[PDB]
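Asker: Have a look at this one before I ask anything.
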Amino acid sequence: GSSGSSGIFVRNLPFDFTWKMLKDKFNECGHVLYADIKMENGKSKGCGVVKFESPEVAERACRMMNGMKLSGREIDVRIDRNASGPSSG
């Protein structure tokens, strides 16, 4: 670890969708390291991120996941560059 992992991003997620799901659900593609549901004004906005062990798996999930209707709700899973990093040189 500590090489250059990459985290993706998702939008249009169903309320029910709990952090646990984001991880497990994605666990199918590969090993999920991080999984949280970004909240706004105290209310969720069907949005979150997911990190993997390898870079290929990160973008891979964006191809498999992206396009999956969760209970009749389509989501857009894409690669999220420069996701973290408060101090960039």
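Here, each number is a calculation from the coordinates, and none is a lab measurement. We place every Cβ from the backbone using ideal geometry, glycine too, and count neighbours over all the protein chains shown.
Asker: I'd like the residue in the stretch 62-89 that is aliphatic (A, V, I, L, M) and touching a strand residue (DSSP E or B) at 6+ places or on another chain (Cβ under 8 Å) and, out of all such residues, is farthest from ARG11 (Cα to Cα).
Answerer: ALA83
Asker: So which of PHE17, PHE9, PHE52, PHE26 ends up being surrounded by 13 or more Cβ atoms within 10 Å (Cβ to Cβ), in contact with a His (Cβ under 7 Å, 6 or more places away or on another chain) and aromatic (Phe, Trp, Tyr)?
Answerer: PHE52
Asker: Another question about this same structure. Quick one: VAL57 ticks every box in (1) in contact (Cβ under 8 Å) with a residue 40 or more places away in the chain; (2) in contact with a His (Cβ under 8 Å, 6 or more places away or on another chain) except a single one, so which number is it?
Answerer: Of the numbered conditions (1) in contact (Cβ under 8 Å) with a residue 40 or more places away in the chain; (2) in contact with a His (Cβ under 8 Å, 6 or more places away or on another chain), the odd one out for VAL57 is (1).
Asker: Looking for something in contact with a strand residue (DSSP E or B) (Cβ under 6 Å, 6 or more places away or on another chain), among the β-branched types (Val, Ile, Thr), assigned to a loop (DSSP other than H, G, I, E, B) and within 15 Å of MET21 (Cα to Cα) - is there at least one such residue anywhere in the stretch 48-61?
Answerer: No, the stretch 48-61 has no match at all.
Asker: Also: Failed condition for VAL32, given (1) loosely packed, with under 14 Cβ neighbours inside 10 Å; (2) closer than 20 Å to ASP16 by Cβ; (3) not aromatic (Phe, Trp, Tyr), with all others met?
Answerer: The single condition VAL32 does not satisfy is (1).
Asker: Can you name every residue in the stretch 1-38 that is farther than 14 Å from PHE52 by Cβ, among the polar types (S, T, N, Q) and touching a helix residue (DSSP H, G or I) at 6+ places or on another chain (Cβ under 8 Å)?
Answerer: Residues satisfying the conditions do not exist here.
Asker: Has the stretch 65-78 got at least one residue that is touching a residue at least 24 places away in the same chain (Cβ under 8 Å), assigned to a strand (DSSP E or B) and over 11 Å from the mean Cα position of the chain (by Cα)?
Answerer: no
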